[PDB]
Protein chains: 24
Amino acid sequence: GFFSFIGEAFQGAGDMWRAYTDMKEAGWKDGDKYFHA
Amino acid sequence: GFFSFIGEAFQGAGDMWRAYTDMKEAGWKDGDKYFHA
Amino acid sequence: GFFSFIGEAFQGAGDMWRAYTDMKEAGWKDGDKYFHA
Amino acid sequence: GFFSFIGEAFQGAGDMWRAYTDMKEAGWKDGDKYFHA
Amino acid sequence: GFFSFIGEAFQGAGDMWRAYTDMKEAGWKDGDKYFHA
Amino acid sequence: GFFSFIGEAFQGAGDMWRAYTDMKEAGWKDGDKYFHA
Amino acid sequence: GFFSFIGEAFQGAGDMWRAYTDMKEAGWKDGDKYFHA
Amino acid sequence: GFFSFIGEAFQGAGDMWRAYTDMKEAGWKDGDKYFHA
Amino acid sequence: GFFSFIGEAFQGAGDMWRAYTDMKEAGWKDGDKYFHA
Amino acid sequence: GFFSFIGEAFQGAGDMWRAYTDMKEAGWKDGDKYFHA
Amino acid sequence: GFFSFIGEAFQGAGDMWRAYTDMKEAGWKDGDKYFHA
Amino acid sequence: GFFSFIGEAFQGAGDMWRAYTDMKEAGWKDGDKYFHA
Amino acid sequence: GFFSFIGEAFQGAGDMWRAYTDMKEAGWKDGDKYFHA
Amino acid sequence: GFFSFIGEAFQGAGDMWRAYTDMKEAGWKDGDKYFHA
Amino acid sequence: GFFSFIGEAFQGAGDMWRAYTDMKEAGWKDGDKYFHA
Amino acid sequence: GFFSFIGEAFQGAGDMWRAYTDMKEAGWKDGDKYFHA
Amino acid sequence: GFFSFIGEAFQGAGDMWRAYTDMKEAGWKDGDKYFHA
Amino acid sequence: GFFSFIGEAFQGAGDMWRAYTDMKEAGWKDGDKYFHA
Amino acid sequence: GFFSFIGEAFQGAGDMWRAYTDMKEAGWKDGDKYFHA
Amino acid sequence: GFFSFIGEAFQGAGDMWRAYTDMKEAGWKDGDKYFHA
Amino acid sequence: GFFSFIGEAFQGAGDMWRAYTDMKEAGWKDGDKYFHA
Amino acid sequence: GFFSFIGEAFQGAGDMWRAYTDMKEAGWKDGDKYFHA
Amino acid sequence: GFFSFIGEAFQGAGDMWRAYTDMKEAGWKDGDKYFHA
Amino acid sequence: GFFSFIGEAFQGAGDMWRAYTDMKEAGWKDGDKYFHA
């Protein structure tokens with residue numbers, strides 16, 4: 001694919017552009033995410 | 001595919017452009033997400 | 001694929017451009033993520 | 001793939017451009033991530 | 001792959017461009033990461 | 001692969017360009033990472 | 001999507017299940033094809 | 001979508017289940033085809 | 001996606017399940033093909 | 001994706017499951033193909 | 001992805017499961033192919 | 001990814017599971033191929 | 001075309017006879033402007 | 001075209017006769033401007 | 001084209017007759033400007 | 001083209017007749033500018 | 001093209017008739033500029 | 001092209017008629033500039 | 001400007017994509033052009 | 001400018017992509033052009 | 001400028017991509033061009 | 001400038017990519033060009 | 001400038017990539033060019 | 001400048017990559033060029 005971004009990308013808490021691929025018999029767990037201002 | 005973005009992208013809490021692909025016998029769990037201002 | 005970014009990329013807490021690939025019988029756990037201002 | 005970045009990339013706490021690949025019978029655990037200002 | 005970066009890359013606490021590859025019967029644990037200002 | 005970087009790369013605490021490869025029956029543990037200003 | 005083929009595929013001169021994808025500024029040619037019996 | 005084919009496919013000169021997808025500024029040619037018996 | 005083929009594939013002159021993907025400024029040619037019996 | 005082939009693949013002159021991927025400023029040629037019986 | 005082949009692959013003149021990947025400013029040629037019986 | 005082959009591979013003249021990868025300013029040639037029986 | 005200006009041009013904060021032309025996939029920003037006397 | 005200017009051009013903070021032309025995949029920024037007397 | 005300027009150009013803080021031309025995959029920044037009298 | 005300037009050019013802080021041309025994968029920065037009298 | 005300048009050019013802090021041309025994978029910076037009288 | 005300058009060029013701190021040309025994988029920096037009278 | 005052409009361009013006798021630019025006190029003469037079939 | 005061509009360009013007799021630029025007190029003469037078939 | 005060509009360029013008699021530039025008090029003469037088939 | 005060509009370039013009689021530059025009080029003469037088939 | 005060519009370049013009679021530069025009081029003469037087949 | 005060529009370059013009769021530079025009061029004459037097949 002093709003991806004183009006021009007400007008600002010803001011993320012307080014989390015993941016950006018994560019790529020999990022080609023897994024067999026795989027397991028995982030992600031936790032919570034908080035944003036306070 | 002083709003993706004073009006011009007400007008600002010704001011995310012308080014979460015994931016952006018996540019790609020999970022090509023999985024067999026796979027399991028996972030994502031937690032909650034809070035936004036306070 | 002093709003990836004192009006021009007500008008600013010801000011992440012308070014988390015992962016950016018993570019790539020997990022080609023796993024068999026794999027397991028892991030990610031923790032929480034907090035953002036305070 | 002092809003990756004091009006022009007500008008600023010800020011991460012308070014976390015990982016950037018992590019690549020885990022070609023694992024068999026593998027396990028790990030990542031901790032939490034805090035951001036205070 | 002091809003990787004090009006032009007500008008500034010700031011990480012308070014964490015890992016950048018980590019590459020774990022070609023593991024069999026492998027285990028590890030990463031700790032937490034704090035960012036205070 | 002090909003890697004090109006032009007500019008500044010700042011890391012307060014952590015690892016940069018770590019490469020762990022070709023391991024069998026291997027184990028390790030990484031500690032926490034703090035950033036104070 | 002889902003694709004199931006059960007039987008026989010016969011081709012004297014040609015290509016089969018050709019997939020060209022995700023191209024930008026591309027150009028090509030394919031010549032003539034002759035079947036004589 | 002869903003595609004099921006059960007039987008026989010015979011082609012003297014040509015292409016089969018060709019898929020061209022996700023093109024930008026592209027151009028090509030395919031010559032003549034002759035079937036003689 | 002999912003692809004299942006059960007049977008026989010016969011090709012006198014040609015290519016099979018060719019995949020060209022993720023190209024930028026590319027160009028090529030393929031000559032003629034002759035089948036004589 | 002997922003690909004399953006069960007049976008026979010016969011090719012007098014050609015290529016099989018060719019994969020060209022992730023090219024930038026590329027160019028090539030493939031000559032003619034002759035099948036005589 | 002996942003690829004399974006069970007059976008027979010016969011090729012008089014050609015290449016098999018060729019993979020060309022991650023090229024920049026590249027160029028090549030492949031000659032003719034003849035099958036006579 | 002995952003690749004499984006179970007059976008027979010026959011090639012009179014050619015290459016098998018050739019992998020060319022991670023090239024910059026490259027160029028080559030491959031001559032003709034003849035199969036006579 | 002033809003453009004004639006005879007006199008005085010006064011600008012406290014801003015741009016003058018700015019010409020942006022012939023752009024494709026472009027993006028920019030201009031901040032605030034303050035005039036105090 | 002034809003452009004004639006006869007007189008005075010005064011600018012406290014800004015740019016003059018700026019020409020940006022013939023751009024593809026471009027992005028930039030210009031900050032604030034302050035005029036105090 | 002034709003450009004004629006006859007007189008005075010005064011600029012406290014800024015750029016003059018700046019020409020940016022013929023750019024592909026480009027990105028830049030210009031800071032603030034202050035005029036105090 | 002044709003450019004004629006007859007008179008005076010005064011600039012406290014900035015650049016003059018800057019020409020950036022024929023760039024591919026480029027990136028830069030210019031700081032702030034201060035004029036005090 | 002043709003460029004004629006007749007008069008005076010005054011610059012407290014900056015660059016003059018700077019020409020950057022024919023760059024590929026380039027990156028630079030220019031600091032702040034101060035004019036005090 | 002043709003360039004004619006007749007008069008006076010005054011620069012407190014900076015560069016004059018700088019020409020950077022024909023660069024590939026290049027990077028540099030220029031510090032601040034101060035003018036005090 | 002931007003120019004894109006995809007297909008065939010045939011000219012028996014003449015010029016294609018001629019560019020004469022930035023001339024002062026210039027003279028020339030072009031001859032006739034014949035096309036016979 | 002930007003120029004892209006994909007396909008065939010045939011010229012029997014003449015010039016293609018000629019560029020005459022930045023001339024002062026210049027003269028020349030081009031002859032005739034014939035095309036016979 | 002930017003120039004990209006993908007395909008075939010045929011010229012029987014003439015010049016291709018000629019560049020005459022930056023001449024003062026210059027003269028020349030080009031002859032005729034014939035094409036016979 | 002930037003020039004990219006991928007394919008075949010045929011010229012029976014003439015010049016290709018000629019560059020005459022930076023001449024003062026210069027003269028020359030080019031002869032005819034014939035193409036017979 | 002930048003020049004890239006990938007493929008075949010055929011010239012029966014003539015010059016390719018000629019560069020005449022930085023001449024004062026210079027003269028020369030080129031002869032005819034014939035192509036017969 | 002930068003020059004890259006990948007493939008075949010054929011010239012029957014003539015000069016390739018000729019560079020005449022930095023001449024004062026210079027004269028010469030080149031003869032004809034014939035190509036017969």
# chains A, B, ... in the order shown; residues from 1 in each chain; ligands from 1

$ residues_around --residues "residue 17 of chain P" --least-positions-apart "4" --cutoff "10 Å" --atoms "only C-alpha atoms" --output "NGL selection string"
(:N and (16-18)) or (:O and (15-19)) or (:Q and (15-19)) or (:R and (17))

$ calpha_fit_and_write --fixed "chain X" --moving "chain H" --output "PDB file with C-alpha atoms, in the first residue's frame"
ATOM      1  CA  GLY H   1      26.192  16.035 -10.714  1.00  0.00           C
ATOM      2  CA  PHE H   2      24.947  12.478 -10.267  1.00  0.00           C
ATOM      3  CA  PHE H   3      24.751  10.192 -13.302  1.00  0.00           C
ATOM      4  CA  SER H   4      23.666   6.547 -13.329  1.00  0.00           C
ATOM      5  CA  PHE H   5      23.493   4.320 -16.404  1.00  0.00           C
ATOM      6  CA  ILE H   6      22.377   0.688 -16.216  1.00  0.00           C
ATOM      7  CA  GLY H   7      21.985  -1.307 -19.414  1.00  0.00           C
ATOM      8  CA  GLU H   8      23.556  -1.311 -22.872  1.00  0.00           C
ATOM      9  CA  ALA H   9      25.094   1.405 -25.032  1.00  0.00           C
ATOM     10  CA  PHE H  10      25.583   0.588 -28.717  1.00  0.00           C
ATOM     11  CA  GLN H  11      27.176   2.990 -31.192  1.00  0.00           C
ATOM     12  CA  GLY H  12      28.226   2.063 -34.704  1.00  0.00           C
ATOM     13  CA  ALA H  13      30.182   5.200 -35.446  1.00  0.00           C
ATOM     14  CA  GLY H  14      30.539   8.119 -33.101  1.00  0.00           C
ATOM     15  CA  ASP H  15      31.869   9.229 -29.749  1.00  0.00           C
ATOM     16  CA  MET H  16      30.599   8.457 -26.253  1.00  0.00           C
ATOM     17  CA  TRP H  17      30.446  10.626 -23.132  1.00  0.00           C
ATOM     18  CA  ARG H  18      32.821  13.113 -24.726  1.00  0.00           C
ATOM     19  CA  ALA H  19      33.724  16.028 -22.444  1.00  0.00           C
ATOM     20  CA  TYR H  20      35.345  19.164 -23.847  1.00  0.00           C
ATOM     21  CA  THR H  21      35.803  21.774 -21.143  1.00  0.00           C
ATOM     22  CA  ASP H  22      37.573  25.019 -20.240  1.00  0.00           C
ATOM     23  CA  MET H  23      38.753  26.171 -23.654  1.00  0.00           C
ATOM     24  CA  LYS H  24      39.909  29.598 -24.825  1.00  0.00           C
ATOM     25  CA  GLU H  25      40.598  30.290 -28.450  1.00  0.00           C
ATOM     26  CA  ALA H  26      39.977  26.812 -29.640  1.00  0.00           C
ATOM     27  CA  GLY H  27      38.846  25.223 -32.878  1.00  0.00           C
ATOM     28  CA  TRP H  28      38.407  21.707 -34.231  1.00  0.00           C
ATOM     29  CA  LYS H  29      36.545  19.495 -36.683  1.00  0.00           C
ATOM     30  CA  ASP H  30      34.921  16.078 -36.793  1.00  0.00           C
ATOM     31  CA  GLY H  31      34.301  14.324 -40.089  1.00  0.00           C
ATOM     32  CA  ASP H  32      31.371  12.320 -41.376  1.00  0.00           C
ATOM     33  CA  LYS H  33      30.049   9.072 -39.910  1.00  0.00           C
ATOM     34  CA  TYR H  34      28.745   6.078 -41.853  1.00  0.00           C
ATOM     35  CA  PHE H  35      26.715   3.114 -40.602  1.00  0.00           C
ATOM     36  CA  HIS H  36      26.098   0.279 -43.057  1.00  0.00           C
ATOM     37  CA  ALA H  37      24.482  -3.081 -42.347  1.00  0.00           C
TER      38      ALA H  37
END

$ select_by_dssp --residues "chain B" --states "strand (DSSP E)" --output "count of residues only"
26
